[PDB]
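Take a look at this single chain, the form deposited in one PDB entry, given in structure tokens.
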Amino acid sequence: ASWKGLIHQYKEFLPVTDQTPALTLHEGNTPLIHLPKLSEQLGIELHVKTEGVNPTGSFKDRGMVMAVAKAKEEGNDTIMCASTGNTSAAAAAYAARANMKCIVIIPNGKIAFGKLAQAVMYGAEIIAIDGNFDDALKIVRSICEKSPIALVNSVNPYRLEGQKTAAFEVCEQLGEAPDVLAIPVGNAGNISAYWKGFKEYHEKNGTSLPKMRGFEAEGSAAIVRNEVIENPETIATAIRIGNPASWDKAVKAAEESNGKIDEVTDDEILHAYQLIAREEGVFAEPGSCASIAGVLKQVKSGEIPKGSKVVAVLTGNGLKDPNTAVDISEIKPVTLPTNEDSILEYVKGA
């Protein structure tokens, strides 16, 4: 049938009133794709929730449609967020759609090319700092406390209310809750939202409770180290975050679900990044592939038992970050003369 966006489709789970604007970019309802080759190789039943087909190319659209609709309902005209790039892209698109001004603070030289192009195109006022995301978040929260500008980072609870619908959809698309929900962790709002979603669906519809398995990049694994990281690092700039704002909710999700927050190296991330594209035709940005890298690590160790039904969240479209793709990949265009014989000869001799 039809799909009219999250606010309409999940209205009973959401803080929607008759005065809530009907804001939508048709976000949500993203594919849950079975990966049969990787399932065979791993000895599990692996599906990927491909959030890169959301309107701005990441799961952030789920929370942002809710946050911006409520911000407009509650009488604001300007929104602001700090971002590694996907939240600012979402905020900018929904602000333009909603006729609100948008201001974003980003870490200079540390957001992907595609995310920058979106923020420029959607019409945000873009402020860059030489600090990291964590610096930007501190500044943004201070400013929205000291101005009438509405904060639309994940600490805004409407963001997590929108993002929990991804757990609803996974249950509906799989026909049941999975054994394991594998997910990247940056600012930790998303793993918190999925867990909140699984609990609500458990209570209302009787679905089971997955083990929540979150994965930070080793260079930014503040939760795994149990310490704030003052200079987080990782090539997966989406999750280059050393003081997650939803730290306590995420640890609670892991504990209540009998799950775990783990870490993956950049090399593990980049391997999973190439793996799913080469073997399954699925292209997600590096930070997203922490979930797949996490599945490979824990299938190897037995922490994900063979035969498990596993959903890995692919949080962002691979088109967000074309530089990493070309920088790391061994595949390069070979330049040939515009001559059928040379090309055919190359085709056969290679």
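For every residue, the number given is its place in the sequence shown, counted from 1. Residues that one form lacks are left out of the comparison. Between two forms, the rigid core is defined as the largest C-alpha subset superposing within 1.5 Å.
One more form of this protein exists, namely the form deposited in another entry; it is left out here, but the text below deals with it.
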Does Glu330 shift between the shown form and the other one by 2 angstroms or more at the C-alpha, the core having been superposed? yes
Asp341: with the rigid core matched between the shown form and the other one, does its Cα shift 2 Å or more? yes
In terms of 2 Å or greater CA shifts after rigid core superposition, the runs of three or more consecutive residues between the shown form and the other one are 330-347
